[PDB]
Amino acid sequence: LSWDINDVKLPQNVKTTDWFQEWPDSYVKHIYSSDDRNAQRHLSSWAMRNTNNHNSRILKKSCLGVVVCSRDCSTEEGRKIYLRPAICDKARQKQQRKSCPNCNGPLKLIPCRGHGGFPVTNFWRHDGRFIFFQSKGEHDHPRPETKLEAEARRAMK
């Protein structure tokens, strides 16, 4: 159909089950199939943290921002550093203290707010044959490394 939100009931003549989106931005809405393993795990390559909206039916999550090198540093091939923020709150504290992996300077956590000045949010709800997606905002800060990229660091020498 056309209109879509967190409404009472969601239409179900879905023919177009969008393919899993990695970087939902600009208020994107989707209809991923519920067999979609990445849609099941409510993934996003943006660092999104769980948010409690008191509703077991709508999984809401808000954007953490992105960790950058406060010293504005840039590698040799002109690469800037955007670390993926830790999701566990206490971990992000211990993280902002760690030194930059490039210029060994201090790290700074730039937060998101591409929504009326508040961290961009997402919304997941499973309605039978599929998982519906909807977000509110547009990230006003550079993209972190992916869960996949981030883990590449930690799992090294």
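Don't overthink the numbering: it's just position in the shown sequence, from 1.
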5 to 13 set against 145 to 153, stretch whose average Cα temperature factor tops the other in the entry: 5 to 13
97 to 105 versus 43 to 51 - greater average Cα B-factor per the deposited record: 97 to 105
Options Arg129, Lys60, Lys29, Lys90 - largest CA temperature factor per the record: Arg129
CA B-factor ranking of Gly114, expressed as a third of its chain: middle
